[PDB]
Amino acid sequence: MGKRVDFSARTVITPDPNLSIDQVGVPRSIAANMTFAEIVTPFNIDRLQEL
Amino acid sequence: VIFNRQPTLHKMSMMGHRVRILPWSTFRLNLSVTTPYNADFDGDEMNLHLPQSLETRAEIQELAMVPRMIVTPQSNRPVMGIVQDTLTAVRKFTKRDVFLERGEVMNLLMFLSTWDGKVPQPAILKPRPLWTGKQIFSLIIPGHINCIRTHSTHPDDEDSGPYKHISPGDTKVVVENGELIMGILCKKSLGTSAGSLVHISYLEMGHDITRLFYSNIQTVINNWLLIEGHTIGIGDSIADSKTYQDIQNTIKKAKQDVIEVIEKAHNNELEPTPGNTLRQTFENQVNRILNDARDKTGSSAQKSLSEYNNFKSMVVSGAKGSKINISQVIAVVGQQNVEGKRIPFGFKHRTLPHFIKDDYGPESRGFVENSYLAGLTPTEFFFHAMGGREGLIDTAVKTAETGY
Amino acid sequence: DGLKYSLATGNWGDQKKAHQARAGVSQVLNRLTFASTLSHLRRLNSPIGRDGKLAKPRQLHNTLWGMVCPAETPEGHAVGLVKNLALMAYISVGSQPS
Amino acid sequence: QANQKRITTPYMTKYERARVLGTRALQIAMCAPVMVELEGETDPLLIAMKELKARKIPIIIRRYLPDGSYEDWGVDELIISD
Amino acid sequence: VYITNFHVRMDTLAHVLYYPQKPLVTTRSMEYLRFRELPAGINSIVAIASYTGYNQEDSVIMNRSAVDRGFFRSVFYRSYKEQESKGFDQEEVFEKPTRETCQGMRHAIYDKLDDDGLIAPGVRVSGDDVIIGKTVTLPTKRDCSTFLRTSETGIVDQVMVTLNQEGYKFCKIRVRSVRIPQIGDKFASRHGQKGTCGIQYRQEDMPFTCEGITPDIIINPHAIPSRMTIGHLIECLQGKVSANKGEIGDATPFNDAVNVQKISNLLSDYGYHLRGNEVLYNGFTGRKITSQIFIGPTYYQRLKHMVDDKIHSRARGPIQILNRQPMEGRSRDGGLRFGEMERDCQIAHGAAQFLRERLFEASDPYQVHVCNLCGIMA
Amino acid sequence: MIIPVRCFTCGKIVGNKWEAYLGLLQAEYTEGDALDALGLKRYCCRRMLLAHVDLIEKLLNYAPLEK
Amino acid sequence: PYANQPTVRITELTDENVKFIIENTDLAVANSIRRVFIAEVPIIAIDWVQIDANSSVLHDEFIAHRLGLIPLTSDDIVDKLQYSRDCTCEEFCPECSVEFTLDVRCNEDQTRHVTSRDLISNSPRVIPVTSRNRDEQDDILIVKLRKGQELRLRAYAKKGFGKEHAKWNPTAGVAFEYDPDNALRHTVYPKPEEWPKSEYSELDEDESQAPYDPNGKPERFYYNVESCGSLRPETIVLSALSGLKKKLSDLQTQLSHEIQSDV
Amino acid sequence: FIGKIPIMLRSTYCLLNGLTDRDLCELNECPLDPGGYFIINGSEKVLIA
Amino acid sequence: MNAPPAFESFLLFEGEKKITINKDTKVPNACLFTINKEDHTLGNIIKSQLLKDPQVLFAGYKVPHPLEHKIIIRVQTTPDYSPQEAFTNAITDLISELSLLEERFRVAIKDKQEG
Amino acid sequence: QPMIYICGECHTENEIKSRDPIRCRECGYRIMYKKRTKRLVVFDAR
Amino acid sequence: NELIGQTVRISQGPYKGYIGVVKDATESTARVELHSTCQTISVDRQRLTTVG
RNA sequence: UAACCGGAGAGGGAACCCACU
Ligand SMILES: [Mg+2]
Ligand SMILES: [Zn+2]
Ligand SMILES: [Zn+2]
Ligand SMILES: [Zn+2]
């Protein structure tokens, strides 16, 4: 019913008035660890190649 | 990403968000979104899940994204409102005697996202150009929205008598054709109640527009509050010393009225209320004197405060505190209760060893005739600790039943 | 080894009745701040079971004047059960009635 | 059921509106042919939203009625809410 | 400073502060607790104002230049014990593992070790670095070397080598790491008014008095009226009076020889407003603030709940043994729990494919073969 | 531990003041006379000396690690 | 549409501080000069510390922290140095840095106070603020040593400004004030009788604040700039004005390049 | 011989009984340390009442 | 470890521009100037100097985020006149103000020294 | 290779070989501290 | 690789003068742990210089 | 009428105590 998961982080929240309600601030160290898998297409192949 | 604080009780505890990357090592979220999450920024932690498939990415973007989650189906209100500083400075901003110079107006207009680049004609053109805070808030409000609300300090007789549509106190908020005509905006206009201005914005206009309507209020009001400023201090809690004497006379007359009830009880001159025993009707009469005393001192305190007060600046705006907290800081803490009754005889027919046995007086059973500004006597301090302990227990006990 | 086991683990009794014996006696001394050390060295414990909905032992009683600190208690599920010790409060040590 | 007997709503639900976009942008990510002359965008989810507004998505939706039967609704055949 | 001999004391999880100060406003019972010999906190200058909005919901704004000058800077000592021994021939031994000789060896640098198998003090270390090189012989050899805890990233303070009560060689290594206050670090007062840092501005960006006094700390006024901590305000008043007089303030509870009016009449003599309010100017525009700001010395504390001991993420890290779900813990590189209430919230959204992505694909995707006639796995 | 070099708020140097301050306290001087004898006018600088506890003296009572 | 002409008069000049008045300028210009006083005046402080021995009870980074806050007399050397991130040299040259050395060992039974006097500079002009105090005062304590303890270190001093770190902040207190009698009423006193008068006020005791004028703007800015001891307080101001002018000139050059490269 | 009993610091049979502060600093002990605890496998233990 | 380094407030990265110009499409004769690695120190005096020009109809600045180091200045001038030349005239007047102020300050310093 | 250690009690530097019982040749004390390393330490003054 | 494990000095750029140790290396760039701060950075090899 | 190098997912659990929202 409930279990551990991959691709998740946890840290302390702190205020920021200067960004919208649908935005969220993340540290670079968390973002440099959690990954998202994009499928290559001829649109993004150059960007993914540089990446 | 999806993003939650861990005691998830309703479906606004897991809401989608867009990622923005920032230098330091904490999660940062906007201050309205604190209200569904029940966040506190006092050492809270929140955990973030990243959706891995592109299909579930689209699913979160179309179902659980946060501006889509503004109005709940629990109680057909919005969940999010203006809070904690933007609300107080909104109330101070949209008052009738608020005037802005041309540089201040352009600095504030620099923080609107939904601005056409067109500067409105000021409310005063000569001797010198002056805009009004309502006139800028009319630029914040999107589309053509129409609503009518009332301010917290709106007097009841005013609608009955004359000056109904021209209010002397600048209450009765009226927004008409997307433009603030009149009124002062509090909790009852920008908060999370039904028929509030944000709710009309969500129903008449889309969720995407209401998102910008949140962010525009927060930016421009937090950038006006650098000019206005807002504090609290020890001067905010002090009184006239005409008020102090009135409070002391109220306490003295109530405390004498307790003693005469005790004398009528000892001389068997007290007849029991029907449906009650002699003990319960004695208790009822004593608590009636003490509660009427606390209310009268509280009302005297509330009448004493000035317009420039910073306790009143929050309670009128509804941002933080209540009308009993000001009375409990300035005038009288009150009676301390344990399980609805007074402080029980933990010793043999008395409470502490500093009291005579069979002392049903106010000071012997938990009433605190001192304020928080005046400090407490040690008996009253121990009784107030005994009062706070009960609620501190009930907080810990309540959770393991409510979650089950 | 019996004295050393019972003080090292906290199971207060024989090693065979490890689940029967009460635990939480002989905690590791908190050495974070000197005030934390003093408060951990002066601490009482109520061996009525936790997570019970009975508020009455957890309450602040009138016999706590001058002997136990009314303010100080952990805010968690042990409100009123763990209670620290007032300043001039002294605990008797026992003597013969003869 | 037959095209005469369509008793469900002519409106696309929020759940269908989510899942059609997800399963179309996944196809576009796997080099399916776009049904819309795009304006230079490369995000497949924006392309799927553009095809949904353009009413050109080549998917139909099978709504299972609780008796056991179903209805097949074209995405072109029903009203997009947003 | 939790004890005076903290440098001899090899102890896990030690925190000591650079510059502790005794409080300007004290009660007469701190003399007997010896608090003014081992204090925990600094007399800050707080200002209770809504400055930018980074202090709003119980948070706090800090002076970056004061933090640069050493304000609440602390240092964290972590110590590691290790004990060689256990079999008939399976001898543990401290040495440098060699890639030709020893079997299993991490990518980490082992050149930081001395040839005893230990590091000398004064060496910078980081996450996934050896500290104690220990090998057991293989019936060639396999290591049991201990690593520095991931994300700890400190410098070795001292290394002690000795013998246990079993006559075996025994080592304890203590590692410094200084901790500068950053945003997210949890601070508090002496009045139950806690809070995490939300932003740090420099001295230029911070508001200022008629003099160049800028507050080290800014807190929100909306933490006062519901909490009703009026002792915080009286402390902030008595601290200004005591710092101008030269006296240490007296805040014993039931004194009755001191109240707010006497403190106000004292403060009126030193050239201030009698209620503690002052006229601060905006640090950005220079315009003076329309409200007058309540400001003064208040004794704040630094709690042990940093953010760098709590932040952790995961993307397909290690896996449990019995069931093939992720681990638990910041130290074991564990995963968060998508528990029974969170699946329930995702049911209530009606997002079943995200629910399946959480509970099946992100935890343990797996396949079996089952007979088509009887449903037992083949 | 030891006296800080600069005031945290002001940035004025306070690190050279401490031994002079202890010298002035070993006289008829009160604290309120000794601080402005040293020229500390702002209370941000006055709290640096007035609230300091000098634990380096207690640390020097222990034998060192070497000789 | 043009610039205004400000005037200056000094009311106090001291080795410790300067007190002066600026007329006929804007609040923004006045604040930015107040702000470049704090952040963007280049000064010399030590930034590179190598410790060869530390047998004391204060650990290494505590000592390097206390060494960085020690100010260094850089009145004219800081104008002719270069930032070490900009100089062509490898690790350090005398055109980009200044070398300091500290080798102190305690041998007597008396506690050895290591002070800022025990720093030995490479250049005689760049030294700490034990320079001239004649017409008895102590020097900046670094560490106290027991018999048998010692420390040896070598350090280098760079040019920087206080936007990086507060050790490059040349000032102690920058008092700033405009409109001492509340004539513009940028602030609003609820009970104006309770407020003490300023130092620059011109009122009798009868009156508590000036009468409101709608036409007025902020002028007559009163500054008091207190130095730490590294720069003279009179040459903090000139260097801040030159730095702000140089910054504006560089910004105008970049904008000129953008405009003529856009057309 | 019966055994060995773990023993409380700063007690009447601890080795730190009645020592002066200088002698405690000679033994690398803290004079402000109150005692009242046991040292068992090099770990302080405190009997909660 | 997520601490950004102290030099990042004022040092341009490689490939960054100190200044960027973008025309504002909503209204005529308006433009947005984005400055990298500057703060209120420069934007406030630029805004105040622009507001002395009667041919400037709108002028303002903002920082989009304090942790970011960027500043945006929006200028709108009357037709016959450009926001770009308004900006560079404000700079070349503000430099003249600072130069005059520096000269008069050093003269008053010399006059304070025995005069 | 010599690996000089320092006696905790008598502060005597002494060379002990690898795989040897820990003991100081004078006063017989059994706690050694190692020594400070030789490689460079460089710190910012921040 | 040769550079891994070697104490190095950044000799160009804003990080000039910071001593560190090389954790990882490529021909284009390398990863250096800073001795002063608790942060690991990526720097080009042109800026690096081997010391000791 | 020439020129030497090469190996990689580790790693456990139970119990108790303290603490955080
Ligand atoms: Mg909270
Ligand atoms: Zn100061
Ligand atoms: Zn150079
Ligand atoms: Zn020895």
# chains A, B, ... in the order shown; residues from 1 in each chain; ligands from 1
$ residues_near_ligand --ligand "ligand 3" --cutoff "6 Å" --atoms "only C-alpha atoms (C1' of nucleotides) and all ligand atoms" --output "number ranges by chain"
G: 84, 87, 89, 92-93, 95-96
$ write_last_selection --atoms "N, CA and C atoms" --output "mmCIF file, in the first residue's frame"
data_model
loop_
_atom_site.group_PDB
_atom_site.id
_atom_site.type_symbol
_atom_site.label_atom_id
_atom_site.label_comp_id
_atom_site.auth_asym_id
_atom_site.auth_seq_id
_atom_site.Cartn_x
_atom_site.Cartn_y
_atom_site.Cartn_z
ATOM 1 N N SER G 84 44.073 40.002 -7.790
ATOM 2 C CA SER G 84 44.849 38.804 -8.089
ATOM 3 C C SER G 84 44.183 37.957 -9.160
ATOM 4 N N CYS G 87 45.675 39.825 -12.386
ATOM 5 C CA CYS G 87 47.093 39.962 -12.676
ATOM 6 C C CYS G 87 47.601 38.774 -13.481
ATOM 7 N N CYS G 89 50.429 37.321 -13.378
ATOM 8 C CA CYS G 89 51.372 36.475 -12.666
ATOM 9 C C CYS G 89 50.737 35.161 -12.235
ATOM 10 N N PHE G 92 51.583 34.467 -6.629
ATOM 11 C CA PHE G 92 51.527 35.826 -6.097
ATOM 12 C C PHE G 92 52.762 36.591 -6.539
ATOM 13 N N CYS G 93 52.573 37.844 -6.929
ATOM 14 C CA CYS G 93 53.658 38.767 -7.206
ATOM 15 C C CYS G 93 53.489 39.980 -6.304
ATOM 16 N N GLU G 95 53.120 42.926 -7.231
ATOM 17 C CA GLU G 95 52.178 43.838 -7.856
ATOM 18 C C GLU G 95 50.730 43.467 -7.546
ATOM 19 N N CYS G 96 50.481 42.273 -7.005
ATOM 20 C CA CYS G 96 49.124 41.851 -6.703
ATOM 21 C C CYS G 96 48.868 41.500 -5.246
#
$ residues_around --residues "residue 14 in chain C" --least-positions-apart "3" --cutoff "12 Å" --atoms "only C-alpha atoms (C1' of nucleotides)" --output "list in words"
residues 1, 2, 3, 4, 5, 6, 7, 9, 10, 11, 17, 18, 19, 20, 21, 22 and 23 of chain C
$ write_last_selection --atoms "C-alpha atoms" --output "tab-separated table (two decimals), in the first residue's frame"
chain	number	residue	atom	x	y	z
C	1	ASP	CA	28.55	-8.43	33.30
C	2	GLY	CA	25.05	-8.16	34.72
C	3	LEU	CA	25.54	-4.66	36.14
C	4	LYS	CA	27.42	-3.65	32.99
C	5	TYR	CA	24.73	-5.09	30.67
C	6	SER	CA	21.83	-3.48	32.50
C	7	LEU	CA	23.52	-0.10	32.54
C	9	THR	CA	21.63	-1.27	27.27
C	10	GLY	CA	18.92	-0.03	29.60
C	11	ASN	CA	16.87	-3.20	29.84
C	17	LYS	CA	13.79	-11.05	30.13
C	18	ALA	CA	14.98	-8.34	27.73
C	19	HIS	CA	11.46	-7.81	26.38
C	20	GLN	CA	9.88	-8.06	29.85
C	21	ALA	CA	12.21	-5.60	31.60
C	22	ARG	CA	11.48	-1.89	31.46
C	23	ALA	CA	13.78	0.12	29.19
$ select_by_dssp --residues "range 76-206 of chain G" --states "strand (DSSP E or B)" --output "number ranges by chain"
G: 98-105, 112-115, 120-121, 141-145, 150-160, 171-177
$ residues_near_ligand --ligand "ligand 2" --cutoff "9 Å" --atoms "only C-alpha atoms (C1' of nucleotides) and all ligand atoms" --output "CSV table (one decimal) with N, CA and C atoms, in the first residue's frame"
chain,number,residue,atom,x,y,z
E,212,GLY,N,25.2,54.1,12.3
E,212,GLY,CA,25.3,53.0,11.4
E,212,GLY,C,24.9,51.7,11.9
E,213,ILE,N,24.1,51.7,12.9
E,213,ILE,CA,23.6,50.4,13.5
E,213,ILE,C,22.6,49.8,12.6
F,6,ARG,N,36.4,42.1,15.4
F,6,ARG,CA,35.6,43.3,15.1
F,6,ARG,C,34.2,43.0,15.7
F,7,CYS,N,33.5,44.1,16.0
F,7,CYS,CA,32.1,44.1,16.3
F,7,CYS,C,31.3,43.5,15.2
F,8,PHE,N,30.4,42.6,15.5
F,8,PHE,CA,29.6,41.9,14.5
F,8,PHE,C,28.7,42.9,13.8
F,9,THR,N,28.1,43.8,14.5
F,9,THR,CA,27.2,44.7,13.9
F,9,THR,C,27.9,45.9,13.2
F,10,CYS,N,28.7,46.6,14.0
F,10,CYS,CA,29.4,47.8,13.5
F,10,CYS,C,30.5,47.4,12.5
F,11,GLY,N,31.4,46.6,12.9
F,11,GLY,CA,32.6,46.4,12.2
F,11,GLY,C,33.8,47.2,12.8
F,12,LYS,N,33.6,47.9,13.8
F,12,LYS,CA,34.6,48.5,14.6
F,12,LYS,C,35.5,47.5,15.3
F,13,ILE,N,36.8,47.7,15.4
F,13,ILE,CA,37.7,46.8,16.0
F,13,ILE,C,37.5,46.8,17.5
F,14,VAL,N,37.4,45.7,18.1
F,14,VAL,CA,37.1,45.6,19.5
F,14,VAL,C,38.2,44.6,20.1
F,40,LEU,N,33.8,53.4,23.2
F,40,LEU,CA,32.7,52.6,22.6
F,40,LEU,C,31.4,53.4,22.9
F,41,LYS,N,31.0,54.1,21.8
F,41,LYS,CA,29.8,54.9,22.0
F,41,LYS,C,28.5,54.2,21.6
F,42,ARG,N,28.5,53.4,20.5
F,42,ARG,CA,27.4,52.6,20.1
F,42,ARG,C,27.2,51.4,21.0
F,43,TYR,N,26.0,51.0,21.3
F,43,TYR,CA,25.8,49.8,22.1
F,43,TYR,C,26.1,48.5,21.5
F,44,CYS,N,26.1,48.5,20.1
F,44,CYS,CA,26.6,47.3,19.4
F,44,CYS,C,28.1,47.0,19.7
F,45,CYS,N,28.9,48.0,19.9
F,45,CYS,CA,30.3,47.8,20.3
F,45,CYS,C,30.4,47.5,21.8
F,46,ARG,N,29.5,48.1,22.6
F,46,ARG,CA,29.5,47.9,24.0
F,46,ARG,C,29.1,46.5,24.4
F,47,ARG,N,28.2,45.9,23.7
F,47,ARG,CA,27.9,44.5,24.0
F,47,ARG,C,29.0,43.5,23.7
F,48,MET,N,29.9,43.9,22.8
F,48,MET,CA,31.0,43.0,22.5
F,48,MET,C,32.0,42.8,23.6
G,172,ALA,N,33.6,51.7,9.9
G,172,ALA,CA,33.0,51.2,11.1
G,172,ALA,C,31.5,51.6,11.2
G,173,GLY,N,31.3,52.9,11.2
G,173,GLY,CA,29.9,53.3,11.2
G,173,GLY,C,29.7,54.4,10.3
$ residues_around --residues "range 284-301 of chain B" --least-positions-apart "5" --cutoff "8 Å" --atoms "only C-alpha atoms (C1' of nucleotides)" --output "MDAnalysis selection string"
chainID B and resid 239 243 246:247 250:251 254 257:258 261 324 326:328 330:332 334:335
$ write_last_selection --atoms "N, CA and C atoms" --output "PDB file, in the first residue's frame"
ATOM      1  N   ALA B 239      -0.828  51.332  27.768  1.00  0.00           N
ATOM      2  CA  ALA B 239      -2.130  51.985  27.785  1.00  0.00           C
ATOM      3  C   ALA B 239      -2.018  53.380  28.393  1.00  0.00           C
ATOM      4  N   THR B 243      -7.051  54.308  31.332  1.00  0.00           N
ATOM      5  CA  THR B 243      -7.580  52.974  31.095  1.00  0.00           C
ATOM      6  C   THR B 243      -7.201  52.025  32.221  1.00  0.00           C
ATOM      7  N   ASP B 246      -9.520  52.399  35.173  1.00  0.00           N
ATOM      8  CA  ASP B 246     -10.824  51.823  34.867  1.00  0.00           C
ATOM      9  C   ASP B 246     -10.787  50.302  34.955  1.00  0.00           C
ATOM     10  N   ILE B 247      -9.692  49.699  34.488  1.00  0.00           N
ATOM     11  CA  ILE B 247      -9.521  48.253  34.579  1.00  0.00           C
ATOM     12  C   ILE B 247      -9.424  47.815  36.034  1.00  0.00           C
ATOM     13  N   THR B 250     -12.840  47.958  37.628  1.00  0.00           N
ATOM     14  CA  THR B 250     -13.668  46.836  37.197  1.00  0.00           C
ATOM     15  C   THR B 250     -13.286  45.554  37.925  1.00  0.00           C
ATOM     16  N   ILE B 251     -11.980  45.308  38.069  1.00  0.00           N
ATOM     17  CA  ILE B 251     -11.500  44.122  38.772  1.00  0.00           C
ATOM     18  C   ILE B 251     -11.877  44.176  40.245  1.00  0.00           C
ATOM     19  N   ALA B 254     -15.689  43.589  40.639  1.00  0.00           N
ATOM     20  CA  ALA B 254     -16.022  42.188  40.400  1.00  0.00           C
ATOM     21  C   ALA B 254     -15.528  41.294  41.527  1.00  0.00           C
ATOM     22  N   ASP B 257     -17.851  41.632  44.301  1.00  0.00           N
ATOM     23  CA  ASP B 257     -19.079  40.914  43.989  1.00  0.00           C
ATOM     24  C   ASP B 257     -18.917  39.406  44.104  1.00  0.00           C
ATOM     25  N   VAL B 258     -17.696  38.890  43.983  1.00  0.00           N
ATOM     26  CA  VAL B 258     -17.469  37.477  44.286  1.00  0.00           C
ATOM     27  C   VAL B 258     -17.640  37.224  45.777  1.00  0.00           C
ATOM     28  N   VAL B 261     -21.195  37.133  47.014  1.00  0.00           N
ATOM     29  CA  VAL B 261     -21.832  35.870  46.648  1.00  0.00           C
ATOM     30  C   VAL B 261     -21.391  34.763  47.595  1.00  0.00           C
ATOM     31  N   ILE B 324      -9.168  38.972  21.544  1.00  0.00           N
ATOM     32  CA  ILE B 324      -8.959  38.563  22.924  1.00  0.00           C
ATOM     33  C   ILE B 324      -7.476  38.616  23.292  1.00  0.00           C
ATOM     34  N   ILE B 326      -5.262  40.945  22.452  1.00  0.00           N
ATOM     35  CA  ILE B 326      -4.909  42.311  22.828  1.00  0.00           C
ATOM     36  C   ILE B 326      -5.348  42.591  24.255  1.00  0.00           C
ATOM     37  N   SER B 327      -6.551  42.139  24.603  1.00  0.00           N
ATOM     38  CA  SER B 327      -7.041  42.267  25.968  1.00  0.00           C
ATOM     39  C   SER B 327      -6.216  41.449  26.938  1.00  0.00           C
ATOM     40  N   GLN B 328      -5.691  40.323  26.485  1.00  0.00           N
ATOM     41  CA  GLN B 328      -4.955  39.424  27.349  1.00  0.00           C
ATOM     42  C   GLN B 328      -3.500  39.839  27.491  1.00  0.00           C
ATOM     43  N   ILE B 330      -2.857  43.394  27.328  1.00  0.00           N
ATOM     44  CA  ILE B 330      -2.954  44.713  27.933  1.00  0.00           C
ATOM     45  C   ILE B 330      -3.705  44.655  29.253  1.00  0.00           C
ATOM     46  N   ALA B 331      -4.905  44.085  29.252  1.00  0.00           N
ATOM     47  CA  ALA B 331      -5.784  44.257  30.410  1.00  0.00           C
ATOM     48  C   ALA B 331      -5.663  43.130  31.430  1.00  0.00           C
ATOM     49  N   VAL B 332      -6.119  41.933  31.073  1.00  0.00           N
ATOM     50  CA  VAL B 332      -6.341  40.845  32.030  1.00  0.00           C
ATOM     51  C   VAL B 332      -6.127  39.533  31.293  1.00  0.00           C
ATOM     52  N   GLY B 334      -7.107  36.470  32.651  1.00  0.00           N
ATOM     53  CA  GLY B 334      -8.410  35.874  32.853  1.00  0.00           C
ATOM     54  C   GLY B 334      -8.360  34.775  33.893  1.00  0.00           C
ATOM     55  N   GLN B 335      -9.314  33.859  33.803  1.00  0.00           N
ATOM     56  CA  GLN B 335      -9.335  32.698  34.677  1.00  0.00           C
ATOM     57  C   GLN B 335      -8.701  31.519  33.958  1.00  0.00           C
TER      58      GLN B 335
END
$ residues_near_ligand --ligand "ligand 4" --cutoff "7 Å" --atoms "only C-alpha atoms (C1' of nucleotides) and all ligand atoms" --output "list in words"
residues 7, 8, 9, 10, 11, 12, 24, 25, 26, 27, 28 and 29 of chain J
$ atom_distance --atom1 "CA of residue 18 in chain A" --atom2 "CA of residue 65 in chain I"
6.3 Å
$ decode --residues "range 6-17 of chain H" --atoms "N, CA and C atoms" --output "PDB file, in the first residue's frame"
ATOM      1  N   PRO H   6      30.485  -0.979  38.363  1.00  0.00           N
ATOM      2  CA  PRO H   6      30.643   0.331  37.733  1.00  0.00           C
ATOM      3  C   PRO H   6      30.282   1.420  38.718  1.00  0.00           C
ATOM      4  N   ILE H   7      30.980   2.543  38.613  1.00  0.00           N
ATOM      5  CA  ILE H   7      31.016   3.488  39.714  1.00  0.00           C
ATOM      6  C   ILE H   7      30.850   4.894  39.161  1.00  0.00           C
ATOM      7  N   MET H   8      30.168   5.728  39.933  1.00  0.00           N
ATOM      8  CA  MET H   8      29.712   7.034  39.497  1.00  0.00           C
ATOM      9  C   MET H   8      30.835   8.047  39.624  1.00  0.00           C
ATOM     10  N   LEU H   9      30.888   8.978  38.683  1.00  0.00           N
ATOM     11  CA  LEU H   9      31.937   9.980  38.710  1.00  0.00           C
ATOM     12  C   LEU H   9      31.625  11.042  39.749  1.00  0.00           C
ATOM     13  N   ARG H  10      32.698  11.655  40.263  1.00  0.00           N
ATOM     14  CA  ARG H  10      32.667  12.666  41.323  1.00  0.00           C
ATOM     15  C   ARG H  10      31.974  12.157  42.583  1.00  0.00           C
ATOM     16  N   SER H  11      32.055  10.856  42.838  1.00  0.00           N
ATOM     17  CA  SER H  11      31.394  10.250  43.981  1.00  0.00           C
ATOM     18  C   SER H  11      32.373  10.170  45.145  1.00  0.00           C
ATOM     19  N   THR H  12      31.982   9.486  46.219  1.00  0.00           N
ATOM     20  CA  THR H  12      32.893   9.348  47.345  1.00  0.00           C
ATOM     21  C   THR H  12      33.911   8.237  47.145  1.00  0.00           C
ATOM     22  N   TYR H  13      33.774   7.426  46.099  1.00  0.00           N
ATOM     23  CA  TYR H  13      34.797   6.453  45.767  1.00  0.00           C
ATOM     24  C   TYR H  13      35.346   6.613  44.364  1.00  0.00           C
ATOM     25  N   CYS H  14      34.905   7.617  43.619  1.00  0.00           N
ATOM     26  CA  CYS H  14      35.596   7.963  42.395  1.00  0.00           C
ATOM     27  C   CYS H  14      36.957   8.556  42.723  1.00  0.00           C
ATOM     28  N   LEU H  15      37.847   8.528  41.737  1.00  0.00           N
ATOM     29  CA  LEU H  15      39.169   9.098  41.942  1.00  0.00           C
ATOM     30  C   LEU H  15      39.182  10.615  41.898  1.00  0.00           C
ATOM     31  N   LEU H  16      38.057  11.255  41.599  1.00  0.00           N
ATOM     32  CA  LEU H  16      37.987  12.701  41.492  1.00  0.00           C
ATOM     33  C   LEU H  16      37.425  13.347  42.746  1.00  0.00           C
ATOM     34  N   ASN H  17      37.374  12.611  43.849  1.00  0.00           N
ATOM     35  CA  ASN H  17      36.717  13.092  45.053  1.00  0.00           C
ATOM     36  C   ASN H  17      37.592  14.109  45.768  1.00  0.00           C
TER      37      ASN H  17
END
